[PDB]
């Protein structure tokens, strides 16, 4: 499907992840916000999103949870406070990274 928001269009799949990382933009985050239980984006939310994007651009993969926490300084518990759906379904989705894979 194709999402229309703030004059922007984002192609997405059945789970709401962007079809193409390059179509990411700030409007996407404002769009996804509520779906992922976030009322207002904070400086911390953006620091997570920023990290995830730089890591993906550099490594071609999403960072392991231990790296995400160790780098941002946010423990897993804090990461869930920021993103209720978790680092995968919430943070990665909002950051524009592709849908997690493997067994589960």
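Numbering follows the first chain given and starts at 1.
**Report entry** Between 93-101 and 1-9 (mean CA B-factor, as deposited), the higher
**Finding:** On average, C-alpha B-factors are higher across 1-9.
Report task. Read off the CA B-factors in the entry, average them over 52-60 and over 30-38, and name the higher stretch. Result -> According to the PDB entry, the answer is 30-38.
Query raised in the report: When the modelled residues of the chain are sorted by Cα temperature factor, does residue 66 land in the lowest, middle or highest third?
Result: Ranked within chain, residue 66 CA B lands in the lowest tercile.
Query raised in the report: So where's residue 79 on the chain's Cα temperature factor ranking, which third?
Result: As the PDB entry reports it, the C-alpha B-factor of residue 79 lands in the lowest third of its chain.
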